[PDB]
Amino acid sequence: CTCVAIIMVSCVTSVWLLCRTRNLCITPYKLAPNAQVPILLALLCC
Amino acid sequence: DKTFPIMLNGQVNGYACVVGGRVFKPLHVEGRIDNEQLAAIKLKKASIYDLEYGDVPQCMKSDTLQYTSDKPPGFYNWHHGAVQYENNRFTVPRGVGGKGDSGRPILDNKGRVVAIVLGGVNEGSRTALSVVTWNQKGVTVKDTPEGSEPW
Amino acid sequence: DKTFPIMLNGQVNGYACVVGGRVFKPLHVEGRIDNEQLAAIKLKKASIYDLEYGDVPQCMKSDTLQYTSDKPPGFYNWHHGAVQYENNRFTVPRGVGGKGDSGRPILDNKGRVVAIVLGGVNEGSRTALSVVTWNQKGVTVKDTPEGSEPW
């Protein structure tokens, strides 16, 4: 019981950190609405 | 051009202005936006950026022309006369650029809004402002001189 | 322009001058600075550099325009007429450029202080000086011709 509890809480903490880091990775796309040169990164830009 | 004051308590507290490509509202201040067409638009604010997402139907889309690099020192038509500087914000007259008129775009004489003011109340016997524009290659970056408060 | 003599014993011994960006005082000599606004400013002197830190409120900041590279040989307005040379300091007239008038800026005709004198009493039937300015790329470097004493 303790092991399943601790592993699930570790996983949910990891996924919350995932979401927060994803938000941070979203932040630079403030330049995206500006209609500028592609950046050639993990995300797509025409 | 559609530059609109923001309605708070039935008086002007801000000044929303639509730009080329995307519709813009300075989200630093609050108050119900006067325009009814904008009254039903979701808000997209970043951690430091106070800009509204562009959700106007594309009939009136791109009301303005955005601004490219290569800042000249020349005249930029401002709401209170032209402005002439290149290193940073123009040495606006004393008394002008105070408070309460947040969200005012500075435009090129060619109709290209060079930057958007986001403060910069006083800078001495002259006054520059804290604004945001393209950095060098078209990057929406804000510059804030020390002693900058929303104007 | 604010070029100020330095008060020592109630007579001029130096000549402090404020420059664009930073306020300047030639710290080679001593004496109470005449200006009261500067009378309450801390001193920042290096091992060979005799310059005051810029601590004037930014109302009167950048009284002048600094000087870039590409020295022409043309006229630079000096306190005692124009000066015309490029390789080094201008061949100032004999008798002029003696002593007791430390801290005198040489300016471009366009209002760009090319260099700051820090001596160079005599250089022969003509006279050059020991000054400091940008080196080639904007580096505050001093050049001292042989036989240089503060003027």
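When we count neighbours, we look across all protein chains shown, and the Cβ atoms used for this are built from the backbone with ideal geometry, even at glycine. Quick note: the coordinates plus some simple rules give every number you see, no bench work behind them.
Kindly provide the set of residues from region B:91-106 that are among the aliphatic types (A, V, I, L, M) and on the phi > 0 side of the Ramachandran plot, ordered by number.
If the condition is that a residue be among the aliphatic types (A, V, I, L, M) and on the phi > 0 side of the Ramachandran plot, then no residue fits.
What's the number of the condition C:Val96 fails, among (1) more than 28 Å from B:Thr91 (Cα to Cα); (2) without any contact (Cβ under 8 Å) to a residue 12 or more places away in the chain; (3) over 14 Å from the mean Cα position of the chain (by Cα)?
All conditions are met except number (2).
Among the listed residues B:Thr144, B:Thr140, identify the single one that is under 30 Å from A:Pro38 (Cα atoms), among the hydroxyl-bearing types (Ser, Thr, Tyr) and within 13 Å of another protein chain (Cβ to nearest Cβ).
Sole residue among the options that is under 30 Å from A:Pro38 (Cα atoms), among the hydroxyl-bearing types (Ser, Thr, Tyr) and within 13 Å of another protein chain (Cβ to nearest Cβ): B:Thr140.
Exactly one condition in (1) among the charged types (D, E, K, R); (2) within 14 Å of chain A (Cβ to nearest Cβ); (3) part of a loop (DSSP other than H, G, I, E, B) is false for B:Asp101; which is it?
(2)
Those residues that are surrounded by 13 or more Cβ atoms within 10 Å (Cβ to Cβ) and outside any loop (DSSP other than H, G, I, E, B), I need them from region C:33-69; list them, please.
Correct list: C:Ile33, C:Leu38, C:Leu65.
Please go through region C:34-93 and give me each residue that is of a type in the set (A, V, I, L, M) and under 30 Å from C:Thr127 (Cα atoms), ordered by number.
Listed by number, the residues that qualify are C:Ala46, C:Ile48, C:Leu51, C:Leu65, C:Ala82, C:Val83, C:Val92.
From the set of residues in region B:13-32 that are in contact (Cβ under 8 Å) with a residue 40 or more places away in the chain and part of a strand (DSSP E or B), which is farthest from B:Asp143 (Cα to Cα)?
So the residue we want is B:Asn13.
For residues that are surrounded by 15 or more Cβ atoms within 10 Å (Cβ to Cβ) and aliphatic (A, V, I, L, M), tally how many sit in region B:70-89.
Of the residues in region B:70-89, 1 are surrounded by 15 or more Cβ atoms within 10 Å (Cβ to Cβ) and aliphatic (A, V, I, L, M).
Got a number for residues in region C:121-148 being under 27 Å from C:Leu65 (Cβ atoms), among the charged types (D, E, K, R) and exposed (fewer than 14 other Cβ atoms within 10 Å of the Cβ)?
1
Looking only at region B:1-12, how many residues end up being in a loop (DSSP other than H, G, I, E, B) and either buried (at least 19 other Cβ atoms within 10 Å of the Cβ) or basic (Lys, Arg) (or both)?
Residues meeting the conditions: 1.
Residue-by-condition table, conditions (1) within 22 Å of B:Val139 (Cα to Cα); (2) within 10 Å of the chain's Cα centre (by Cα):
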site	(1), (2)
A:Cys11	no, no
A:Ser14	no, no
A:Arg22	yes, yes
A:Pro33	yes, no
A:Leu43	yes, no
A:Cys46	yes, no
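From the residues in region C:40-78 that are over 18 Å from the mean Cα position of the chain (by Cα) and among the small types (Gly, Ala, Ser), which one is farthest from the other protein chains (Cβ to nearest Cβ)?
C:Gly74
If you go through region C:51-58 one residue at a time, do you hit one that is in contact (Cβ under 8 Å) with a residue 24 or more places away in the chain, of a type in the set (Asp, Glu) and over 17 Å from C:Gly119 (Cα atoms)?
Yes, because at least one residue in region C:51-58 is in contact (Cβ under 8 Å) with a residue 24 or more places away in the chain, of a type in the set (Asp, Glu) and over 17 Å from C:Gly119 (Cα atoms).
When you go through (1) closer than 19 Å to C:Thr3 by Cβ; (2) in contact with a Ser or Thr (Cβ under 6 Å, 6 or more places away or on another chain) one by one for C:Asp101, which number turns out not to apply?
(2)
Does B:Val92 satisfy the criteria of being surrounded by fewer than 19 Cβ atoms within 10 Å (Cβ to Cβ), in contact with a strand residue (DSSP E or B) (Cβ under 8 Å, 6 or more places away or on another chain) and hydrophobic (A, V, I, L, M, F, W, C)?
no
Could you identify the single residue in B:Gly81, B:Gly111 that is over 13 Å from the mean Cα position of the chain (by Cα), under 21 Å from B:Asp63 (Cβ atoms) and away from every other protein chain (no Cβ under 12 Å)? Working first, answer last.
Details: B:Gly81 fails: under 21 Å from B:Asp63 (Cβ atoms).
Unique residue meeting the criteria: B:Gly111.
Take the residues in chain A that are closer than 24 Å to B:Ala115 by Cβ and of a type in the set (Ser, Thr, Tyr); name whichever of them is farthest from the other protein chains (Cβ to nearest Cβ).
Ranking the candidates gives A:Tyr29 first.
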